[PDB]
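Report on the following structure.
Numbering of ligands and ligand atoms starts at 1, following listing order. Side chains are part of it too, since the values below use all heavy atoms of this structure and drop only hydrogens, waters and symmetry mates. One-based numbering along the sequence shown.
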Amino acid sequence: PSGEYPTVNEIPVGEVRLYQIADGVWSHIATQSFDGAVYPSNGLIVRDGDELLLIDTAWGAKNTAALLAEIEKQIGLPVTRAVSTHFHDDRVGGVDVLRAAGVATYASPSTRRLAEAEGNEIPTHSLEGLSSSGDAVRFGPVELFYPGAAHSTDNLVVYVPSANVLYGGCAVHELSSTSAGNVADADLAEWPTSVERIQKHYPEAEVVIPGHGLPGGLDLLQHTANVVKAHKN
Ligand SMILES: CCOc1cncc(C)c1-c1c(C(=O)O)[nH]c2c(C(C)C)cccc12
Ligand SMILES: [Zn+2]
Ligand SMILES: [Zn+2]
């Protein structure tokens, strides 16, 4: 990639790439196959003093092991905590690897129940205070925000106040998206309302990072609403 945002075509098989978003903020990018198609996915890394906070796995056990190695190579600070932003395997697949590497894993109770029911890996610790739309809590160097049902009923977004970075996860799509992605667990009717809540809560966001694909600015929020409305119809 040589400084461009990593895509499947520039991540070697089985590997992970990092991308510097801001001072003390990186995204991580990996590739996975699902139902015979290949997808990229993102997560976040936020410096937390002399430790790191991880947001989301790298979509799979081996990808997540590779993520930890890439962090060691590129950053060299220990990952001590991880938050998963909803229950799908692109968010929790790799939690068992994290837990065996000494990382304390967290998710909302809603995510943990959904992951358990689905047969996905289950974060250890429950994040209370996020059950009502509009709720926010602090977690190390980030704020966690529950915008309401969107891509999933449990989806969380993450804001990094020091950098004005909004990590939307899978509730937010990249600008090139033409479709609403994997809508199996989505609430298409509520999704625009949930995006509006994000827009209202984080009007100073400078970088918006989707769950899959390229970061951009605030326009990703309105684009997401547009694509979801067009899909539903
Ligand atoms: C079925 C079509 O899904 C898509 C289509 N286009 C783009 C994306 C990113 C997806 C996609 C998303 C997402 O939209 O977040 N999540 C996925 C998962 C989870 C459940 C692990 C698996 C397979 C594909 C996706
Ligand atoms: Zn998902
Ligand atoms: Zn996703």
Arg81 NZ/CZ over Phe139 ring centroid, <6.0 Å and within 45° of normal: yes
Any donor-acceptor N/O pair, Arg112 side chain to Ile122 backbone, under 3.5 Å: no
Metal proximity, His88 vs the Zn ion (ligand 3), N/O/S cut-off 2.8 Å: no
The Zn ion (ligand 2) reached by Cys170 (N, O or S, under 2.8 Å): no
Just which atoms of ligand 1 are under 4.0 Å from any heavy atom in [X]?
{"X": "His151", "value": "13 (C), 14 (O), 15 (O)"}
{"X": "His212", "value": "9 (C), 12 (C), 13 (C), 15 (O), 16 (N)"}
{"X": "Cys170", "value": "15 (O)"}
{"X": "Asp90", "value": "19 (C), 21 (C)"}

Shortest protein contact, atom 23 (C) of ligand 1 (heavy atom only): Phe34 CD2, 3.5 Å
Heavy atom of the protein closest to atom 5 (C) of ligand 1 (residue, atom name, distance): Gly181 CA, 3.6 Å
Full working for ring-ring contact (aromatic ring centres under 6.0 Å, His included) between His151 and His86: CA-CA 9 Å; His151 169 83; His86 65 279; 4.7 Å; yes
hydrophobic_cluster_shared for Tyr5 and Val160, side chain cutoff 4.5 Å: yes
Single-linkage hydrophobic cluster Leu220~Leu218, side-chain heavy atoms < 4.5 angstrom: yes
Ring geometry between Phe145 and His201 (parallel below 30°, tilted from 30 to 60°, perpendicular above 60°): parallel
Whether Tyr159 and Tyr202 hold their rings parallel, tilted or perpendicular, with breakpoints at 30° and 60°: parallel
Residues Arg47, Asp23: salt bridge by 4.0 Å N-O rule: yes
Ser179 N/O to ligand 1 N/O under 3.5 Å: no
Considering only N, O or S atoms of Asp90, the one closest to the Zn ion (ligand 3): OD2
Nearest neighbour of atom 17 (C) of ligand 1 from the list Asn182, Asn155, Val92, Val183, on a heavy-atom basis: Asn182
